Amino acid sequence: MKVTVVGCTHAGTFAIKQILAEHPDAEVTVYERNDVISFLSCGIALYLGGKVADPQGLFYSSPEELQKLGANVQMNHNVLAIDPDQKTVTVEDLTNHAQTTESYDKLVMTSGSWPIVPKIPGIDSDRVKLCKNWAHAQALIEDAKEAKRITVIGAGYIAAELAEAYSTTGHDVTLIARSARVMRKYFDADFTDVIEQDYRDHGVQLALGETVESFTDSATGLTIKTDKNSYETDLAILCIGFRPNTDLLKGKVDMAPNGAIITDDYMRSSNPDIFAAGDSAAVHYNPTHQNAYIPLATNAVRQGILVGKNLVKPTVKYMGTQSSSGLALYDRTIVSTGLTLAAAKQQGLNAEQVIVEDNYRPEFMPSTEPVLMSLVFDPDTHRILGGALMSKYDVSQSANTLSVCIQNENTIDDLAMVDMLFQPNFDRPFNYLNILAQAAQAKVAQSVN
């Protein structure tokens, strides 16, 4: 069986290794516009912030490793087209513009995504960088040497990380986005208000509710004009989302409005021999049980695995995702999973939430820390619809506990009393997650009288 892989960062890497372990009698050929694989862009910000001392340690594999098991790995190759009918791909070597067309028995679309770039005059400016791959990274390190004033466009995870990183390293940092509050897509106001006061306490300038219009690169730097003001920075970084790199298959496979490849529960697109995984596909979102586009490295490794398991026939079903996510900002651990209250009612769902703030362990310990918590739930079925935790004590593991509850369709009543260890070194007699759910019950008890 001849198998070809389009794109190879994380989704393609795991699929490659998986397909060769499950079907060693296969001829696997992978193409990638780049030269490397398995680069952890998730760790770029840490690298810029000075938290990474060896950059090659951000690669958990290499073209050599994949080709040691039998992978026909063609780096520097740009797949130019795929015809689902003749089952061939047209690729062009980037080292000499050599075009070729090969047939295949199965094709895996792991082409991922690409940053979203608006149609804003002045975009063409070189002082406006993108942030996605190891090439953008290596550019930022140097170009962040003589760029004292740096500006980030967007208000997502990347923008938050980049801003903090450049802020704790002696830069005049500015952050701009149409969002009303930072990281609105992941946390509710009570959380994002604390982060902004942090961003302000650390000198970062916040220009929210404003959308850029142009970029007039002067001899004094890059001049950004938003529809409410203008700012003068030395470098601007685009951090305003991802869009699936699904041009080759547009109109050729069922997609979402953004170009995300719809799939069944075994990673098969509408073309029964074309698979997708990662930033190029749409994941089943359990909180809504409807497909969604949530580009996360977690979906790329899992989806990449299932492809190998299901290449020849259906074997293991995708478990969907709660979109569990989190990060560290100014020593605070900020994690969440599932729906935010805003994102649930914005979809008209029957949703309520509780925001609890309790110390994570008894006050008699030598030290303790406040943990701000949120629980989104159905007021009728009592089904948990998501949660979030913020604390200088690493509460990140709790978000994965909430993820399990959502995966298992658990209610606030389940979480209110589910067994959880107790030890003053760790929590109160009731783990802070139990207490959180018991507030949901108390909330619903108030409404039942």
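Start at 1 with the first residue shown and count on from there.
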Could you check which stretch, 300-308 or 134-142, carries the larger mean CA temperature factor in the entry?
134-142
Averaged over C-alpha atoms, is the B-factor higher for 332-340 or for 168-176 in this PDB entry?
168-176
Going by the entry, which of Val404, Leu415, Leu385, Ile37 has the most elevated CA B factor?
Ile37
Per the PDB entry, maximal CA B factor within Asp378, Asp279, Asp126, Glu369:
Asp126
Check where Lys392 lands among this chain's C-alpha B-factors and tell me if it's the lowest, middle or highest third.
lowest
Please place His23 in the lowest, middle or highest third of its chain by C-alpha B factor as given in the entry.
highest
Please place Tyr31 in the lowest, middle or highest third of its chain by C-alpha B factor as given in the entry.
middle
Among the modelled residues of its chain, the C-alpha B-factor of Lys317 falls in the third labelled lowest
Ranked against its chain, the third holding the CA B-factor of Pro362
lowest
